[PDB]
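Peer 1: From first to last, the protein sequence lines stand for chains K and G.
Reminder that position 5 of the first sequence reads as 5 in PDB author numbering, one-by-one numbering, no gaps.
Reminder that position 8 of the second sequence reads as 153 in PDB author numbering, one-by-one numbering, no gaps.
No residue lacks a Cβ here, since even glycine has one placed at the ideal position from N, Cα and C.
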Amino acid sequence: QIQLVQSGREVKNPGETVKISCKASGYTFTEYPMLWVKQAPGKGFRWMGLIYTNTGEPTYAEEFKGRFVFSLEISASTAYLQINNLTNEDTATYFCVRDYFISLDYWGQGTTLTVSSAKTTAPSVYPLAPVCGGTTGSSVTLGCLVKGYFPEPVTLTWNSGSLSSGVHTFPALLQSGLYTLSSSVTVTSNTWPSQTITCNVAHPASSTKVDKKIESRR
Amino acid sequence: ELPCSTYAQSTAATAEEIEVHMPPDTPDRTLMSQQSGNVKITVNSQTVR
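Rendered as structure tokens:
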């Protein structure tokens, strides 16, 4: 049904652009738009208009004048919010709302537009081990620590999703504008790091990617 | 009293006629609503084309 799969990190510069195209599953044609929504830090909902999937373009927000303007790929059922001329407070969430469940009944989960001045380096990931001899049991605490992402994003997981189940990941903390994260991926005794365990990370702001092997600390 | 015309005040509709043709269909942008931003439209009691 209606569900706008919003875009990921939309990186913007000071006065730079933002573009969150959300592939709207459930792009219909008949009788109703898809109510777009901007999302501020506290405001909850802030509606960015109505614009259909096979309708095609958004009838935009009212008080959101400035950067924001709606767009979309109409034949694919997909919508989008493009906000060029990035100001300071451009970091926010984005949603569509597909008119099935006859209100704005396919709410977008949010797309993260990040337009800010910060450091220039894609994220660097490393292996994070258990206790230094063994450090294994019914779980075995490998993982990948991906820190140092600038601009957004640096995407890092611990055990890479294969040895990813049963993982505890600490969130991105800011250090002078440096985004750090770690994911302790629990493998088995045969899963990792006795078996193969390896966290991964990526950063196209440097046009690069790096993974660190989440083995035991031996 | 010179004889001239006068649009007289008898309102009799005999020897006069209006072309009482069919009423045209009214345009109706007011009928269907955009429920939540999407298609929950309403009729509200007419021959809504």
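Could you name the residues that DSSP lists as bridge partners for residue 127 (chain K)?
Peer 2: DSSP, once it has assigned bridges, lists K:144 as partnering residue 127 (chain K).
Peer 1: Counting only C-beta atoms, is residue 90 (chain K) closer than 7 Å to chain G at any point?
Peer 2: no
Peer 1: Closest by CA to residue 90 (chain K), which one among K:19, K:155 and K:99?
Peer 2: K:19
Peer 1: If you draw a straight line from the alpha carbon of residue 35 (chain K) to that of residue 12 (chain K), how long is it in whole angstroms?
Peer 2: 24 Å
Peer 1: Tell me the DSSP secondary structure of residue 167 (chain G) in three-state form.
Peer 2: coil
Peer 1: Against residue 179 (chain G), what residues of chain K qualify as contacts under a CB-to-CB distance less than 7 Å, listed in chain order?
Peer 2: The contact set of residue 179 (chain G) on chain K, defined by CB atoms closer than 7 Å, consists of 32, 33 and 50 in chain order.
Peer 1: Is the beta carbon of residue 16 (chain K) sitting closer than 7 Å to the one on residue 86 (chain K)?
Peer 2: Yes. Within cutoff.
Peer 1: Using only alpha-carbon positions, find the residue among K:189, K:205, K:162 and K:80 that is nearest to residue 139 (chain K).
Peer 2: K:189
Peer 1: Residues in the region 157-188 of chain G with C-beta within 9 Å of chain K's C-beta atoms, listed in sequence order?
Peer 2: 177, 179, 180, 181, 182, 183, 184, 185 and 186
Peer 1: For residue 98 (chain K), go through chain G and note every residue whose CB falls closer than 7 Å to its CB, in chain order.
Peer 2: 183
Peer 1: Hey, residue 156 (chain K) and residue 181 (chain K) are a contact pair by Cβ (cut 8 Å); roughly how many whole angstroms apart?
Peer 2: 6 Å
Peer 1: Between residue 141 (chain K) and residue 170 (chain K), what straight-line distance do the alpha-carbon atoms span, to the nearest angstrom?
Peer 2: 14 Å
Peer 1: Quick one: what does DSSP say residue 189 (chain G) is sitting in, helix, strand or coil?
Peer 2: coil
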